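**Student:** My sequence and its experimental structure, below.
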Amino acid sequence: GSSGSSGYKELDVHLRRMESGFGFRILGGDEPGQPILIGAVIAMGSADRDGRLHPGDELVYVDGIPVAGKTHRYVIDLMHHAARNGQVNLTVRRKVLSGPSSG
């Protein structure tokens, strides 16, 4: 305790490379420790059809390596390995919120 009981959840996303090889894109990460939010989801593509990612989901891990504090190019180098592994795992995370005001 004294660490933070509840605030954000990570969500894992496996994607196989057998059809299009990962229907997402990756942007941000422009300085070493800028945010790495899902650049795009390829609509109808091999990630969108897995139904596990949304555009702008903040990444955490790519194929086992924590992208946090690294850059865009860092992940570009990872994807160039994951595509040989013939799948990837993409752990994203989003702060858990509730609290109405208007709707």
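**Tutor:** Okay, I see it. Numbering: from 1, shown residues only.
**Student:** can you give me the strands in this protein?
**Tutor:** For the chain, the strands defined by DSSP state E occupy 8-11, 14-16, 24-26, 38-41, 58-62, 65-66, 87-95.
**Student:** what sits against residue 69?
**Tutor:** Applying Cβ atoms under 8 Å, 6 or more residues apart in numbering, we find residue 69 in contact with 32, 33. Backbone N, C-alpha and C define where each C-beta goes, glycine included.
**Student:** Please work out how many residues are found near the closest residue to residue 61 other than its chain neighbours.
**Tutor:** Nearest-residue entry for residue 61: residue 91, 3.9 Å, with adjacent residues in sequence omitted and distances by Cβ to Cβ, 6 or more residues apart in numbering. Residue 91 has 16 neighbours, counted by other Cβ atoms under 10 Å.
**Student:** Next up, the contacts around residue 91.
**Tutor:** By Cβ under 8 Å, 6+ apart, the residues touching residue 91 are 10, 11, 12, 13, 59, 60, 61, 62.
**Student:** Turn the buried ones among the residues you listed into a named PyMOL selection, would you?
**Tutor:** The following PyMOL command selects only the buried members of those, with burial defined by 16 or more other Cβ atoms under 10 Å:
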select buried, resi 13+59+60+61+62
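**Student:** Between the contacts of residue 91, which sits nearest residue 103?
**Tutor:** Compare each of these with residue 103 using Cβ to Cβ and the shortest gap goes to residue 11, at 24.4 Å.
**Student:** Around the nearest residue to the closest one once chain neighbours are set aside, count how many other residues there are.
**Tutor:** Nearest in space to residue 11, with sequence neighbours left out and distances taken as Cβ to Cβ, 6+ apart, is residue 92 at 5.5 Å. Under the neighbour criterion other Cβ under 10 Å, residue 92 is assigned a count of 22.
**Student:** Cool, thanks, talk later.
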